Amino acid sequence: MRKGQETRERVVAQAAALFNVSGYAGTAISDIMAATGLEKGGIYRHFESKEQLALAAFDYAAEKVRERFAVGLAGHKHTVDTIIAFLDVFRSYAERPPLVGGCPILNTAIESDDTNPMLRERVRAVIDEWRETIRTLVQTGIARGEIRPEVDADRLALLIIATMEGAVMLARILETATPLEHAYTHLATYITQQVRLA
């Protein structure tokens, strides 16, 4: 049972890394078979299909993202500092993405938006976790006098997500961290100047 659970874990883990780089359609099952020692058969002992593996792999990738944000946001007391910590998680993707190939939420978004309802919904669910996190921080901050009462929480969330993800895209194309540094500095300054209260 342990062998099974660990072999499933290495299959999903390696699948997620390869999918994150070449996409679902462009990652050949044979290469995942190759990357897991299953070149002579047996990947279907753990998954019914490549599509089921894709969903499991995305869930794995989403868990890594979730862990990166949970660690990044822990320990801050002031709600604005916590929101800035959220920016810093994305900032750190320039050289340290959640897994090889960059942000799997951004990567899967581009592939699935016009091709795959189930992956679309899984991407949207993660985006919605992020919106909920920011909404809750803004609400608590407003209540504590740390954030201005007029701040539109979801508008702020959508701006942060768009800016940081677009910068993640740019940083891997331009092969430099500078877009992420600039996007971070812009939003941190904006937040401190226009969102923060005390």
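Numbering starts at 1 and follows the sequence shown.
- For the segment pair 42-50 and 60-68, the entry gives 42-50 the higher mean B-factor, averaged over Cα atoms.
- In this entry, 69-77 shows the higher mean Cα temperature factor of the pair 69-77 and 123-131.
- Sorting 188, 17, 11, 180 by the CA temperature factor given in the entry leaves 11 at the top.
- Compared with the other modelled residues of the chain, the Cα B-factor recorded for residue 117 ranks in the highest third.
- Ranked by C-alpha B-factor against the other modelled residues of its chain, residue 138 falls in the lowest third.
- When the modelled residues of the chain are ordered by C-alpha B-factor, residue 145 sits in the middle third.
- Residue 160 sits in the lowest third of its chain by CA B factor, as recorded in the PDB entry.
- Among all modelled residues in this chain, the alpha-carbon of residue 34 has a temperature factor (C-alpha) in the highest third.
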